[PDB]
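Asks: Have a look at this one before I ask anything.
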Amino acid sequence: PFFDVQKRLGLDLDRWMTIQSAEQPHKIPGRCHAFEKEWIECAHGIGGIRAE
Amino acid sequence: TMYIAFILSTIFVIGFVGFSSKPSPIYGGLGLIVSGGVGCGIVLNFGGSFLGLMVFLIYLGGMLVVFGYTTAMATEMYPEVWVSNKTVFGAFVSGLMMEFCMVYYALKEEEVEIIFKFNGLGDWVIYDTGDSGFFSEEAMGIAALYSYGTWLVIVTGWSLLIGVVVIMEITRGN
Amino acid sequence: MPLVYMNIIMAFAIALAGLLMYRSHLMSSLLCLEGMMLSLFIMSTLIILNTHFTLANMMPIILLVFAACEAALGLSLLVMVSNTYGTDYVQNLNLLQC
Amino acid sequence: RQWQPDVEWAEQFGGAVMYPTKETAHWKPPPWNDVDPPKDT
Amino acid sequence: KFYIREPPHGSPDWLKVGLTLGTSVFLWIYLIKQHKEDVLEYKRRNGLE
Amino acid sequence: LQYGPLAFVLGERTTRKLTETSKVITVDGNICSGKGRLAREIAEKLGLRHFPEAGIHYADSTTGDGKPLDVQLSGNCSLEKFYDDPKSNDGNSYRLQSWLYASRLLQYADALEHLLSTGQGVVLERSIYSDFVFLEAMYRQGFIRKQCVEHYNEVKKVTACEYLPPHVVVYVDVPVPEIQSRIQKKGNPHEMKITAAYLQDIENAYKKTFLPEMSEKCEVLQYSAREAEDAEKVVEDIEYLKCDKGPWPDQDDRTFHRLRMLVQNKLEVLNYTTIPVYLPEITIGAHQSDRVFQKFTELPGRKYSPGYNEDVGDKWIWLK
Amino acid sequence: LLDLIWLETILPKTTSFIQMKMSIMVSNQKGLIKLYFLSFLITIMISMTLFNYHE
Amino acid sequence: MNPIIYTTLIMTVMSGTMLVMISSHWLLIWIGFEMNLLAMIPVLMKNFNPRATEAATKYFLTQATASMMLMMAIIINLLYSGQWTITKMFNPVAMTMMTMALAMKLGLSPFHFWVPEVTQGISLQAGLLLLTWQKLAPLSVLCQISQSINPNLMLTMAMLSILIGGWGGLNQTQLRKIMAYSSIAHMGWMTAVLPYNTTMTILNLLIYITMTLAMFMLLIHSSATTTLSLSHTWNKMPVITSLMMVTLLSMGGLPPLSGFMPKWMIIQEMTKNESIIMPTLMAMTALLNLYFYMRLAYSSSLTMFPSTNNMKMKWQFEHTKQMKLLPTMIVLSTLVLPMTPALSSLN
Amino acid sequence: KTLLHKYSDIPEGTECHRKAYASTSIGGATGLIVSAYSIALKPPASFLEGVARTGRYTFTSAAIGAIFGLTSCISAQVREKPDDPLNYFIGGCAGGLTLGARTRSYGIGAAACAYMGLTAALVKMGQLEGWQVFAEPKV
Amino acid sequence: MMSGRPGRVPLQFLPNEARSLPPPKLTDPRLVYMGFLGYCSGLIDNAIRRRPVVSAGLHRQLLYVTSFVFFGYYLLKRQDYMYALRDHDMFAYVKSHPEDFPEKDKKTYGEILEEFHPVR
Ligand SMILES: Nc1nc2c(ncn2[C@@H]2O[C@H](COP(=O)(O)OP(=O)(O)OP(=O)(O)O)[C@@H](O)[C@H]2O)c(=O)[nH]1
Ligand SMILES: [Mg+2]
């Protein structure tokens with residue numbers, strides 16, 4: 001966000017629908033859950049330039 | 001029976017060509033609701049039962065219905081017909097032939113690159129293999145609007161109330 | 001990509017062209033806008049069902065309701081224009097050239 | 001005394017445009033109060 | 001007086017005058033105290049004193 | 001707390017003040033028709049506010065200390081000069097005609113202000129809607145240039161459109177010979193030079209443009225000079241009027257708020273009386289404009305703003 | 001010849017004339033929604049075609 | 001309109017803009033744009049004349065078309081990444097679609113035609129809102145996705161915006177159309193440096209909003225919408241016209257005024273990237289904007305046009321209402337150049 | 001870009017027919033774009049009037065391209081100077097002269113000779129020295 | 001550049017690591033210019049409102065001044081902290097990447113051959 005109000009106030013306003021590997025109702029899995037999880041765990045905290 | 005989603009999608013695009021060539025708005029609305037019906041069928045073939053029935057009930061029976069109702073009031077003295085213009089025929093014909101050419105190319109080549117890469121290997125092919133259990137995954141995802149989607153409900157309800165206020169502001173006419 | 005996606009994106013392109021290429025009536029352009037929304041709905045629904053993005057199942061509902069709110073607003077604008085000129089013809093909406 | 005603009009000088013800026021051509025000859029300055037008269041009822 | 005109608009700004013708005021003076025004095029006091037504690041915090045973080 | 005959005009939001013509504021006798025009445029007629037008596041007794045016995053006809057120095061009366069200012073700084077036109085040399089080369093005819101129309105616009109705003117702020121009705125002698133009678137009369141006599149009636153129509157169209165017409169249009173009917181004898185009776189030498197063609201044109205404008213066109217948005221009450229002296233009868237017919245015509249019945253607090261906002265803002269009322277339409281009779285050259293503005297600014301109590309003029313007895317400038 | 005005529009013509013007068021002509025071409029528009037959105041279609045197509053953007 | 005309803009509609013416009021600026025999710029950003037448009041349409045039609053209705057209709061058409069294109073870009077991005085987070089776009093044609101949609105919302109040059117007509121057709125307060133607050137949301141989205149924009153497309157649109165704003169404004173006698181063309185040129189200046197430094201975009205946006213607020217509030221104070229009506233203002237309130245002249249000089253970017261800061265910073269940041277021809281073109285082209293600003297200054301303050309006889313009536317009257325923060329806006333728009341290194345606070 | 005690539009990859013002062021064809025293609029394409037925008041924003045009174053306007057613009061631009069290419073390439077190969085901005089200046093001025101002929105006006109022709117010649121010389125300089133019109137962000 | 005910097009918490013005008021820098025002096029030239037801007041705002045407020053520009057509403061002009069100085073002090077702190085962060089990161093990056101920033105071998109003008117261009 002341009003103004004990350006959510007991360008300052010600790011609120012989850014729209015991050016819950018932002019990826020398919022987020023928590024799902026009844027724990028129904030996303031079709032590409034493992035692939036998204038692996039890409040996210042690779043790309044975490046190294047910046048988009050490095051992650052690309 | 002082997003191909004059902006492709007006839008549905010081709011008819012969808014045909015209806016889009018029909019109403020986007022813009023005949024008189026009543027025939028444009030007829031084309032739009034035909035397109036909406038075949039699209040509801042498309043998403044029914046993908047397991048989106050609630051979403052397609054939403055298309056029907058709210059789009060075709062709501063939004064459209066209102067559109068045709070409003071066209072029935074603000075129209076021409078002789079409300080126009082499709083045939084009345086050669087421009088409508090030309091646009092519809094060009095759209096139909098660009099549909100036919102590209103579907104033939106995709107069917108017999110399966111590697112067209114019109115903006116995006118496409119492969120008409122089938123449409124059943126992309127479906128995954130698994131069990132959804134004792135519930136509809138679509139319905140569980142949509143019913144999460146009230147548990148997971150609190151913010152979404154807040155903003156959408158506010159926008160709808162604002163829409164009522166806004167329509168009453170604009171149409172007052174003073 | 002499968003060919004249903006091809007035809008859905010093609011429908012969006014046709015609706016966009018139909019909206020950008022105007023004719024006399026305003027209602028025809030609004031119907032082209034509605035077709036653009038309907039193609040977006042179907043594309044979103046296909047993508048969401050195919051990848052089983054369960055929480056994103058509600059996104060087409062939100063898109064539909066917001067686009068219908070915009071359609072109501074556009075219909076009211078058309079009605080005001082018609083009450084001004086007796087028709088919804090866009091060529092009457094030219095007095096801002098001067 | 002110092003020259004100051006007169007009516008002939010002021011009316012260069014009272015037209016529909018700043019550079020009047022043939023394609024804008026039919027252009028008129030918009031209404032003072034921004035309202036156009038109602039058309040035939 | 002001189003004017004027929006009573007001027008809106010004929011007498012000072014005493015509530016607004018008092019509020020203006022008070023808020024200015026508070027702003028100055030708060031600024032001075034903040035600068036004092038800020039110099040103190042800088043000196044103790046940096047080990048200067 | 002000037003009437004604004006914050007006042008209207010809490011509890012400021014005008015319908016709770018509006019009553020059966022909360023009406024604006026305009027009395028009208030040719031010169032020396034006696035509108036003064038009818039209007040003044042109508043106001044006094046119906047319990048309304050009287051507004052004497054808007055003169056050159058009406059604006060000077062509603063601002064400052066209420067005393068008339070020099071003709072150079074206010075008006076810049078004369079009525080005696082119009083009666084002596086109506087076809088003079090100064091353009092004084094239409095300069096006077098525009099100045100007194102602007103004064104009438106100011107007075108109509110001031111009267112609607114009182115009505116919408118207190119609830120009391122008002123009575124006026126002539127108004128913006130009957131100012132054109134003199135303009136057409138001057139035009140038929142060939143005083144104003146045809147350019148100078150188009151400008152008048154522009155100003156009237158863009159200003160008078162914003163306001164509500166009178167509830168009641170009372171007209172006093174006097175024939176031209178009797179008006180002439182009354183002018184010859186009061187002895188004003190400038191009035192003594194008024195030709196019968198001018199008065200006839202005024203009466204014709206009244207009868208053929210003013211009175212018929214008020215008849216569709218207000219109730220028009222015509223009395224000749226015999227029935228105009230019986231103010232009891234006039235107000236009895238005033239009280240018997242249904243007043244179910246015009247825009248006044250279909251007025252709610254939302255429109256009254258906007259009307260009060262416009263009407264309280266005098267600079268917005270007079271906005272279009274100074275449109276940039278350069279007619280020699282009313283255009284002021286830059287040197288004269290600058291000089292006369294400086295001499296106005298030099299007036300006591302006129303330089304800064306009301307309450308900030310120490311030279312006139314204003315205290316506490318430094319705490320305001 | 002030089003100061004009042006050609007030195008005027010070369011830099012300031014011709015530049016001013018060009019700016020005035022461009023202003024007339026740009027500013028004088030029909031005020032029609034239809035023509036504006038047709039030009040929008042042209043711009044959109046050009047951005048998705050020879051002007052190599054989507055590629 | 002009802003004062004409560006007008007306040008609510010204004011608040012809904014600002015809340016749509018804030019929804020755009022605080023969301024990490026593309027659907028919520030689209031929702032914010034939708035809400036902003038929905039609440040914005042009635043404030044355009046506040047006066048309700050055929051000009052106001054046509055301005056609102058053209059505004060609605062352009063903004064709705066842009067919003068649909070934006071949604072299509074989002075859907076293509078999701079189709080190829082499954083990502084809803086506003087971040088770099090993973091598809092090039094989706095990126096092109098999004099860039100065109102955001103430029104159409106902003107009113108950049110190939111999509112600029114709506115700005116002059118809509119600004120002319122609405123009131124000065126509506127135009128003030130249109131040319132200041134409505135630029136925030138698309139520019140914030142652009143600053144968020146700047147790392148994936150095509151520099152060629154963006155720079156083309158920005159240069160065209162500068163050129164067209166300069167040329168179109170040359171022909172105008174209407175103050176609202178002059179403001180609109182100045183806005184087009186300033187949007188071009190903002191979006192040219194966007195590929196290189198978004199801090200420069202934010203700085204230029206703040207300076208432009210200050211100048212536009214000052215100028216529109218001076219126009220509202222003057223009640224003038226044509227150049228000749230403004231030419232009468234000296235004979236009523238010469239302070240307003242002198243302040244307007246210094247503000248117009250600031251808009252032209254003349255040193256040592258505040259309007260010179262964004263141009264100077266943007267030229268520096270562009271030359272840091274081996275961009276020399278484009279900054280020279282941009283600075284040279286801005287002389288057109290300065291030319292018609294100087295024309296307005298000539299007609300308003302530096303010379304005295306003929307007045308009218310009815311102006312003596314207006315001399316005896318004060319303003320019922322007073323523009324809020326106008327002295328602050330005037331000082332900020334003219335005098336802040338010595339404070340330039342404070343721009344790093346925007347980092 | 002392939003339209004410009006085919007012009008750019010063939011060396012200067014060689015194969016003047018190919019270079020003339022490439023510049024003619026660029027001219028025709030640009031004239032087609034300007035005709036599209038002119039037809040959109042200032043529509044004609046008939047389809048044939050629009051076709052005539054399109055052909056007029058397209059031939060003017062294509063003739064400017066062909067003339068620029070012919071003169072630039074021939075003056076390069078005749079003088080054996082393929083890196084000199086002067087051949088491009090001569091090309092730009094000949095393009096200005098043919099634009100003046102197309103509008104049939106000596107003043108437009110002379111002004112266009114000067115402006116387009118200087119522009120083309122600048123373009124040659126930027127090619128030789130690696131000037132960027134759209135520089136990619138680096139810092 | 002600085003948007004995605006690690007540790008950068010949202011909506012925080014001065015982070016707590018800024019308290020390590022010296023706060024700006026009270027007679028800081030930039031702060032005094034802030035006060036001057038406030039004073040000009042007060043004068044222009046008197047001018048527009050049609051009051052005596054120098055002697056009307058001393059409380060209002062005074063408040064203009066103190067509020068401008070109040071905002072300017074915190075603006076100066078944030079600006080100085082941003083520049084301190086910039087230098088901090090630059091020195092850290094030069095340290096972590098010695099290969100990108102070699103130690104240039106210094107030479108004197110007695111061994112360096114500079115070309116002489118005559119003016120004649
Ligand atoms: N030129 C001109 N003179 C006007 C106008 N309105 C009023 N007057 C003059 O105002 C003067 C005042 O006298 P009037 O109000 O006409 O009449 P009166 O003498 O009061 O007599 P009654 O009408 O019976 O009340 C007359 O000399 C009018 O001609 C106007 O619009 N134009
Ligand atoms: Mg009378």
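In the structure tokens, the first chain shown is A, the next is B, and so on; residue numbers restart at 1 for each chain, and ligands run from 1 in the order shown.
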Check chain G with DSSP on the backbone and list each residue it calls alpha helix (DSSP H), as number ranges by chain.
Replies: G: 7-8, 14-27, 33-47
Asks: Emit the selected residues as a tab-separated table (two decimals), in the first residue's frame, including N, CA, C and O atoms.
Replies:
chain	number	residue	atom	x	y	z
G	7	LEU	N	15.91	39.45	-38.89
G	7	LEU	CA	16.20	39.01	-37.53
G	7	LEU	C	14.91	38.77	-36.75
G	7	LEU	O	14.87	37.91	-35.86
G	8	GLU	N	13.86	39.53	-37.07
G	8	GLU	CA	12.54	39.25	-36.51
G	8	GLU	C	11.96	37.97	-37.08
G	8	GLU	O	11.42	37.14	-36.34
G	14	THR	N	8.76	33.57	-36.53
G	14	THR	CA	8.42	32.25	-37.04
G	14	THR	C	8.10	31.28	-35.91
G	14	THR	O	7.16	30.48	-36.02
G	15	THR	N	8.85	31.36	-34.80
G	15	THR	CA	8.55	30.52	-33.65
G	15	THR	C	7.16	30.83	-33.09
G	15	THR	O	6.38	29.92	-32.80
G	16	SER	N	6.84	32.12	-32.95
G	16	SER	CA	5.52	32.50	-32.46
G	16	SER	C	4.42	32.02	-33.40
G	16	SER	O	3.37	31.55	-32.95
G	17	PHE	N	4.65	32.14	-34.71
G	17	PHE	CA	3.68	31.67	-35.69
G	17	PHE	C	3.45	30.17	-35.57
G	17	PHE	O	2.32	29.69	-35.63
G	18	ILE	N	4.54	29.41	-35.42
G	18	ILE	CA	4.42	27.96	-35.28
G	18	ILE	C	3.64	27.61	-34.03
G	18	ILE	O	2.78	26.72	-34.04
G	19	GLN	N	3.92	28.30	-32.92
G	19	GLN	CA	3.19	28.03	-31.68
G	19	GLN	C	1.71	28.36	-31.83
G	19	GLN	O	0.85	27.61	-31.36
G	20	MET	N	1.39	29.47	-32.49
G	20	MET	CA	-0.01	29.83	-32.71
G	20	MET	C	-0.72	28.80	-33.58
G	20	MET	O	-1.86	28.41	-33.30
G	21	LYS	N	-0.06	28.33	-34.64
G	21	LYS	CA	-0.66	27.32	-35.52
G	21	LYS	C	-0.89	26.01	-34.77
G	21	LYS	O	-1.95	25.39	-34.90
G	22	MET	N	0.09	25.58	-33.98
G	22	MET	CA	-0.08	24.36	-33.19
G	22	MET	C	-1.20	24.53	-32.18
G	22	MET	O	-1.97	23.60	-31.94
G	23	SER	N	-1.30	25.71	-31.57
G	23	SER	CA	-2.37	25.98	-30.63
G	23	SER	C	-3.73	25.86	-31.30
G	23	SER	O	-4.67	25.32	-30.72
G	24	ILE	N	-3.85	26.39	-32.52
G	24	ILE	CA	-5.13	26.31	-33.22
G	24	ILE	C	-5.47	24.86	-33.55
G	24	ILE	O	-6.61	24.43	-33.38
G	25	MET	N	-4.48	24.09	-34.01
G	25	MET	CA	-4.74	22.69	-34.33
G	25	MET	C	-5.14	21.90	-33.09
G	25	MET	O	-6.05	21.06	-33.14
G	26	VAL	N	-4.49	22.16	-31.96
G	26	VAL	CA	-4.75	21.36	-30.76
G	26	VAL	C	-6.07	21.77	-30.11
G	26	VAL	O	-6.88	20.92	-29.74
G	27	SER	N	-6.29	23.08	-29.97
G	27	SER	CA	-7.36	23.58	-29.12
G	27	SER	C	-8.74	23.44	-29.76
G	27	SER	O	-9.71	23.13	-29.07
G	33	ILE	N	-17.99	13.49	-27.76
G	33	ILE	CA	-17.55	12.30	-27.05
G	33	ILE	C	-17.08	11.26	-28.06
G	33	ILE	O	-16.07	10.57	-27.85
G	34	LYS	N	-17.82	11.15	-29.16
G	34	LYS	CA	-17.59	10.12	-30.16
G	34	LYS	C	-16.19	10.21	-30.76
G	34	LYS	O	-15.47	9.21	-30.85
G	35	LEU	N	-15.78	11.42	-31.17
G	35	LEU	CA	-14.47	11.59	-31.78
G	35	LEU	C	-13.35	11.36	-30.77
G	35	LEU	O	-12.32	10.76	-31.11
G	36	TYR	N	-13.55	11.81	-29.53
G	36	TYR	CA	-12.54	11.60	-28.50
G	36	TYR	C	-12.32	10.11	-28.24
G	36	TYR	O	-11.18	9.65	-28.16
G	37	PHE	N	-13.40	9.34	-28.14
G	37	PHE	CA	-13.23	7.92	-27.86
G	37	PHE	C	-12.77	7.14	-29.09
G	37	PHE	O	-12.10	6.11	-28.94
G	38	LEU	N	-13.06	7.62	-30.30
G	38	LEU	CA	-12.44	7.01	-31.48
G	38	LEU	C	-10.93	7.23	-31.47
G	38	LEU	O	-10.16	6.29	-31.76
G	39	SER	N	-10.49	8.44	-31.14
G	39	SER	CA	-9.06	8.69	-30.98
G	39	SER	C	-8.47	7.84	-29.85
G	39	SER	O	-7.31	7.43	-29.93
G	40	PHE	N	-9.25	7.60	-28.80
G	40	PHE	CA	-8.80	6.71	-27.73
G	40	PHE	C	-8.59	5.30	-28.23
G	40	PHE	O	-7.64	4.63	-27.84
G	41	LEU	N	-9.49	4.82	-29.10
G	41	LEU	CA	-9.29	3.51	-29.71
G	41	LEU	C	-8.01	3.49	-30.52
G	41	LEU	O	-7.26	2.51	-30.48
G	42	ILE	N	-7.75	4.56	-31.27
G	42	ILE	CA	-6.50	4.62	-32.04
G	42	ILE	C	-5.29	4.55	-31.11
G	42	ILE	O	-4.34	3.80	-31.37
G	43	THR	N	-5.30	5.32	-30.02
G	43	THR	CA	-4.18	5.31	-29.09
G	43	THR	C	-3.99	3.95	-28.44
G	43	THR	O	-2.86	3.46	-28.31
G	44	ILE	N	-5.09	3.32	-28.02
G	44	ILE	CA	-5.01	2.00	-27.38
G	44	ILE	C	-4.45	0.97	-28.35
G	44	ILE	O	-3.58	0.17	-27.99
G	45	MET	N	-4.93	0.98	-29.59
G	45	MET	CA	-4.42	0.05	-30.59
G	45	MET	C	-2.94	0.30	-30.87
G	45	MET	O	-2.16	-0.66	-30.99
G	46	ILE	N	-2.53	1.56	-30.96
G	46	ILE	CA	-1.13	1.87	-31.23
G	46	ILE	C	-0.24	1.41	-30.08
G	46	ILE	O	0.88	0.95	-30.30
G	47	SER	N	-0.72	1.52	-28.83
G	47	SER	CA	0.08	1.05	-27.70
G	47	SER	C	0.21	-0.47	-27.67
G	47	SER	O	1.18	-0.99	-27.12
Asks: Write out as a list in words the residues lying within 8 Å of residue 151 in chain F, counting only C-alpha atoms and excluding same-chain residues fewer than 4 positions away.
Replies: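 Near neighbours after the sequence-gap exclusion: residues 147, 155 and 277 of chain F.
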Asks: Just the selected residues (N, CA and C atoms), exported as an mmCIF file, in the first residue's frame, please.
Replies:
data_model
loop_
_atom_site.group_PDB
_atom_site.id
_atom_site.type_symbol
_atom_site.label_atom_id
_atom_site.label_comp_id
_atom_site.auth_asym_id
_atom_site.auth_seq_id
_atom_site.Cartn_x
_atom_site.Cartn_y
_atom_site.Cartn_z
ATOM 1 N N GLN F 147 -27.867 48.407 -29.044
ATOM 2 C CA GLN F 147 -26.826 47.682 -28.324
ATOM 3 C C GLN F 147 -27.065 47.733 -26.819
ATOM 4 N N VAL F 155 -28.113 41.314 -18.626
ATOM 5 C CA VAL F 155 -27.967 41.468 -17.179
ATOM 6 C C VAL F 155 -29.223 40.992 -16.461
ATOM 7 N N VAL F 277 -19.072 43.723 -20.991
ATOM 8 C CA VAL F 277 -19.724 44.083 -22.246
ATOM 9 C C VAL F 277 -19.524 45.586 -22.396
#
Asks: Using only C-alpha atoms, find the one residue out of J:93, J:101, J:68, J:109 that sits nearest to chain H.
Replies: J:68
Asks: Go through the chains and note each residue within 9 Å of ligand 2, using only C-alpha atoms and all ligand atoms, then give the set as a PyMOL selection string.
Replies: chain F and resi 27-36+39+52-54+124-126
Asks: Name all residues at most 9 Å from residue 63 in chain F (count only C-alpha atoms; drop same-chain ones fewer than 2 positions away) and give them as an MDAnalysis selection string.
Replies: (chainID E and resid 3:5) or (chainID F and resid 58:61 65:67) or (chainID H and resid 316:317)
Asks: What's the 10 Å shell around residue 200 in chain F, counting only C-alpha atoms, without same-chain residues fewer than 2 positions away, as a list in words?
Replies: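 In the requested form, the answer reads residues 30, 137, 175, 176, 177, 195, 196, 197, 198, 202, 203, 204, 205 and 206 of chain F.
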Asks: Have a look at A:37, A:44, A:15, A:7 and name the one nearest to chain H; count only C-alpha atoms.
Replies: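 Checking each candidate against chain H, we get A:15 as the closest.
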Asks: Skipping near chain neighbours, those fewer than 5 positions away, what residues fall within 8 Å of range 6-9 of chain D using only C-alpha atoms, listed as a list in words?
Replies: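 Within the cut-off, the hits are residues 278, 285 and 286 of chain F; 305 and 306 of chain H.
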